[PDB]
Structures are given as C-alpha cells and as structure tokens.
Amino acid sequence: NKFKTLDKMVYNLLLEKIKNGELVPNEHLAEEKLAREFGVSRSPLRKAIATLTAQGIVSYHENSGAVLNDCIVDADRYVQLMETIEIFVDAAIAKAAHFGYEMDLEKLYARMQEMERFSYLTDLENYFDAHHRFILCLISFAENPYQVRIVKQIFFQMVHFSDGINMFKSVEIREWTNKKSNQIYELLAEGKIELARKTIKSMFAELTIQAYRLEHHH
Amino acid sequence: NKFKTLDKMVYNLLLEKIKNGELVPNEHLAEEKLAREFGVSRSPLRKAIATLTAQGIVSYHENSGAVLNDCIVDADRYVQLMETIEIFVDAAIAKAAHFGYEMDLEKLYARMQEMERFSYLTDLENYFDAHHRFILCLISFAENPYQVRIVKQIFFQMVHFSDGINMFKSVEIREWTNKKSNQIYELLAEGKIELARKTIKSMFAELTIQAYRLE
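Listed in order, the protein sequences are those of chains B and A.
Sequential numbering of the first sequence, starting at 3, is according to PDB author numbering.
Sequential numbering of the second sequence, starting at 3, is according to PDB author numbering.
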C-alpha cells in the first residue's frame, strides 16, 4: 500500500497471492509468469521466494522447482502453534527461576502497558503485535535467541494465515488478557514463580477455548 | 571435491567461506568480488546466495544486497539448541501420554536400530543423522508437524555449523547413546512414561556434558 523498496513490494504482493488464495498449496510457483504479472525483473522475485523458503511458506524441490506449502491455519493448527508457544514460555520461566537469572521485568511492564494502550485505542493489529511482544519478552527471559526467533516466525505465520486476531475484537477478551498479563508480571515481580506459571497456563487455556469458539460460531 | 553442477559447486565454496570464518557475520556479501574469485558469472552465485537465504544462512535485509547471519555455534549455543530440542521431546512424550495417543513405536525401534547399524559401520555422518531422526520420531509423537520442522532446522544448523558430531567419534559415547535410545523405546513400550522422560533428560544431560568436554 505504501512501499519504499521494490523487493518488499514484490514480496508483499506474492504474500497476498498466498493469503487471498490465488496460489493454492502444493502449486508450483510460475516464477516467469509471476515476474511478468508484477512488471518486475527476476532479481526481486527470486529474493522474495528465498525469503519465503526461509519462513517455511515455500518449499523448493530438486525435482520440480519451488512449491507452496499448506500455510492456512485453522483452529487446530492455531492451537498447535499455541502449544509450541506455551511450552517455550513455561520453560523460559522455569529456567529463569531455577538459574536465578535477572528478568527484565521493566521491559515486560512496558510491553503489558503497550497492550493496555492499544486496547484503549482500539488498534487491533497493534494490540495483537503487543500481545505477541509481551509473550516474546516472557520467552526472552530464558536468554535463548533461537527460541525468540522461532516464536517470532510462529507469530508471523499466525498474523498472516489465521483469524486468531478476530478473538481480540471483543473488548472483554482484550481486557481479560491485559489483566492476565499484568497478573503474570506482578507474580514474577513478587517471586511467586509457580503461581505465575499457572497463570500463564490459564491464559493459554482460555485463549485456546476462544480460538475454538472462533470456529464454532465466529 | 567431485561436483556435478556448477551451482552446487559455487554454493559449497561460498558455504565453506562461511564455515572457515573468512566471511564475518553481519558482513555484506561482495557478490562481484566473490564471483570473480570463483571464476563464475553472477547468475549461479546469486542462486547460491538465494539458496543460503532459503536455509536461513543469509538474509536479504531492507538495504540492497545480502547480509550473512550469525550461524556459527560454539558449545554454549549448542547447549541452547539442545535445550530447545529437549523441551520439544519432553513435551511430546508428556502430551502423548496424557491424551493416550498410540506412539509409532515400531518406527522408533527402526530408527534406534539404524543408529545401531551406522555405529557398527563407523559411519559418522549417517550415525548423526540417525540419532537426529530418532529424536525427531520422539518429537513427532506430539502430533505437531511444526515442531518437527523447527527441530529439523535446528539439526541442519547443528550439522553444518557445529563440531557436535566429533562427540560421536567415541565408540563408547555412540554405544551409550544407542543403549539410552533403546531404553527410551522399551520404557515407552512398557508404559513407564516418567522413567522414559527421566532417561531422555539423562541422555540430554550427558550429551550436554560431552559438548563442553570437546576441546
């Protein structure tokens, strides 16, 4: 909509072809036809494809070319992604508490407050991003950048291929999630680690229930 | 040595420039000087770079060109990756036991036996791969393909940027790992889930100790 480079544009263009469904999973990407459609040379397009192969969205095979993977995320896949996120979060908190690391709780407070702010402003995309950044801060408490990057990739896939953000169209759900995030921050700051972990688990369980309620009656 | 296509050749050359350390992380790749060093044109080399972007080794930042990521893994980063792997494995076993799935234990037995076979043949690369596939089978018990793909990327980075395979140059370490894998299989088959989980933890702890002992 408001691009600054030819590469990212093409990337975004291709990405939207993956989201609106103009390219179906298991389809071989016609790199030559795609470059003609965008009016671009193959140097940007190729680059885009490479990036989307790094994100697991496209798979290149030695026998065919680049193939597009099944990337659409229904409720069950959303819950699988959330289970991955939650094992990462719980293990992060457990490791930090066991080894006595210093948790950047001020950054976590800032992230929770950004959640509060975007919920007050009714900025849904920024609220989703802020919720994700709060979770990422929790995970970074493990001091494992590999895990942070993995969960960032998961968040990217959720944002671009799930309707999970629609859950936060409810002000009630947004405020409950903000309250849970603040409770987690407070328990961590007070040192009640097991209570914080069970609060994290409760948060994820309720959001899983709501993810399944998204599919039942939207 | 013994290349069959010019791309795979150029790629490999560039890839070793990443492994021997002649190209520093976060450095911008001089595609023209690299292509002239290899005596090749630009179209193949870029493909190579593209391939290394598809594997997460190189990133196309918003600035024009390609930048190389911090991919070398020392002992501490190896242990970080292994902690991630073991979090996945333990959660997989716990989830399978809690929801009462049927774990494909015959596939697990086959993978453990391939470990045994490659250890017998002193095939280090295939033994490393077989160990990784045994772990991946354990993780697939979670019925979560995303986690399998994540740990596959971890194993790729380990194979190409770690010395962790040198650990298995010891026949004793290989046999201990094989015995532990078989014990995990048997405990899973007998339903002793907590014992299987503590055996998994012990295996990872011993291999973590061995990662630091590698001088």
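By construction, the Cβ of each residue, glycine as well, lies at the ideal position given by its N, Cα and C atoms.
Check                                                                                                                     : Outcome
Three-state secondary structure assigned by DSSP to A:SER204                                                              : helix
B:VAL91, buried or exposed, once every other Cβ within 10 Å from all chains shown has been counted against 16             : buried
Beta-carbon separation (whole angstroms), B:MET84 vs B:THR179, contact threshold 8 Å                                      : Not really, about 13 Å apart at Cβ, beyond 8 Å.
A:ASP106 burial status per 10 Å Cβ neighbour count (16 or more: buried)                                                   : exposed
Nearest neighbour of B:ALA94, chosen from B:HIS63, B:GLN115 and B:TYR148 [CA to CA]                                       : B:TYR148
Closer than 8 Å to chain A by CB, B:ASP9                                                                                  : yes
Contacting residues, own chain, Cβ-Cβ under 7 Å from A:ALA191 (five flanking each side not counted)                       : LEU107
The segment 159-177 of chain B / the segment 113-132 of chain B touching (three or more Cβ pairs under 8 Å)               : yes
Outcome for B:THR7 when other beta-carbon atoms lying within 10 angstroms are tallied against a minimum of 16             : exposed
Any non-hydrogen atom of the ligand SAH closer than 7 Å to A:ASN71 Cβ                                                     : Only the bare structure without any ligand can be found here, which leaves the ligand SAH out of the picture.
Which of helix, strand or coil DSSP assigns to A:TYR122                                                                   : helix
Status (buried if at least 16 other CB within 10 Å, exposed otherwise) for A:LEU216                                       : exposed
Residues of its chain near A:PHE170, where Cβ-Cβ distance is below 7 Å and the 5 sequence neighbours each way are ignored : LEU126, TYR129, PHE130 and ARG176
Beta-carbon proximity of A:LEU70 to A:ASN28, cut-off 8 Å                                                                  : yes
Chain A contact residues for B:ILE152, given Cβ-Cβ distances below 8 Å                                                    : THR86 and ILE152
Cβ contact check for the segment 136-145 of chain A and the segment 38-47 of chain A: 3 or more pairs under 8 Å           : no
Reference B:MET160, options B:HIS219, B:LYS194, B:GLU34 and B:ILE59, closest by Cα                                        : B:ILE59
Other residues of its chain near A:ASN184: CB distance less than 7 Å, five sequence neighbours each side excluded         : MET114
Interface flag, A:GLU34 vs chain B, CB-CB below 8 Å                                                                       : no
Through-space distance from B:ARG38 to A:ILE87, alpha-carbon basis                                                        : 43 Å
4-residue-minimum alpha helix (DSSP H) runs that sit fully inside the segment 32-80 of chain B, ordered along the chain   : 33-40 and 44-56
Proximal residues, the segment 87-110 of chain A versus chain B, C-beta separation under 7 Å                              : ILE89 and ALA93
Min CB distance A:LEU83 to chain B below 8 Å                                                                              : yes
Whole-number beta carbon distance between B:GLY166 and B:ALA132, since they are thought to touch under 8 Å                : Not really, about 15 Å apart at Cβ, beyond 8 Å.
Beta carbon proximity, A:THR55 to chain B, threshold 8 Å                                                                  : yes
Euclidean distance between Cα positions of A:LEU16 and B:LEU36                                                            : 29 Å
B:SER183, enclosing alpha helix (DSSP H) - first and last residue                                                         : 173-192
Below-8 Å beta-carbon distance, A:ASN146 vs any chain B residue                                                           : yes
Rounded separation between B:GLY193 and A:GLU196 - CA only                                                                : 28 Å
DSSP three-state assignment for B:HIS30, whether helix, strand or coil                                                    : strand
Where B:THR124 falls, given that 16 or more other Cβ within 10 Å makes a residue buried                                   : exposed
Interface residues of chain B facing A:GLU64 [CB-CB closer than 9 Å]                                                      : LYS6, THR7, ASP9 and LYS10
Chain B contact residues for A:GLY58, given Cβ-Cβ distances below 8 Å                                                     : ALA56
Alpha-carbon to alpha-carbon, A:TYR111 and B:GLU34                                                                        : 46 Å
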